[PDB]
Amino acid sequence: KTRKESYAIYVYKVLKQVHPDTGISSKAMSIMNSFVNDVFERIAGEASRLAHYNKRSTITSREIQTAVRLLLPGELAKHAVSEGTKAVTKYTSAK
């Protein structure tokens, strides 16, 4: 009964944006969900450390940004930064 949250619905959405005719088995979806949990933990973990190192009380997008730079390899880092910077602008410049 108790609620079990998963990233599955949103993974499915993104799949549909990216291969609309392609589907996904349960097991693969389970993997994708692990992957999403794993990466969240890695990035939050590192952001958390950065804040502590610098005696700050807040995890801001700046920490998330540096965390992405420390954790992701070059080209993957570059795109992630831009995707992320892009979404924060879009979010700001909308009522």
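The numbering used is simple: start at 1 and walk along the sequence shown.
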(Q) Quick check for you: using the entry's CA B-factors within this chain, is residue 18 in the lowest, middle or highest third? (A) highest
Q: Looking at the entry's B-factor column for C-alpha atoms only, identify whether residue 87 ranks in the lowest, middle or highest third of its chain.
A: highest
Q. With respect to C-alpha B-factor, does residue 56 fall in the lowest, middle or highest third of the chain as deposited?
A. highest
Q: Going by the recorded CA B-factors, say which third of the chain residue 71 sits in, lowest, middle or highest.
A: lowest
